[PDB]
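In my numbering, the protein residues as written are 1 to 76.
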């Protein structure tokens, strides 16, 4: 599966953000769930430099369209 230059893709990244690789236990997937906005700040901070963002707003609208059209929703 690992067949790409260093650094993972964004879509997949936001995916590991939900905590797919964590203990937790009970199933946290059933109804419309939602994550926090802090995540949109962390990821956008490590990838801020990529689409000539403005400072944080433009980069904040990109990550959202990612965790908003993928599955769960994000509350900015």
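Virtual Cβ for every residue (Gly too), placed ideally from N, Cα, C.
- The C-beta separation of residue 41 from residue 75 comes to about 13 Å, leaving the pair out of contact by the 8 Å criterion.
- Taking 4 residues as the shortest admissible run, the region 20-50 contains the following complete alpha helix (DSSP H) segments, listed from N- to C-terminal end: 38-46.
- In this structure the region 8-22 touches the region 63-71; the number of beta carbon pairs closer than 8 Å is three or more.
- With fewer than 16 other Cβ atoms inside 10 Å of its own Cβ, residue 11 counts as exposed.
- Rounded to the nearest whole angstrom, the CA to CA distance from residue 2 to residue 56 is 30 Å.
- Rounded to the nearest whole angstrom, the C-alpha separation of residue 8 and residue 26 is 28 Å.
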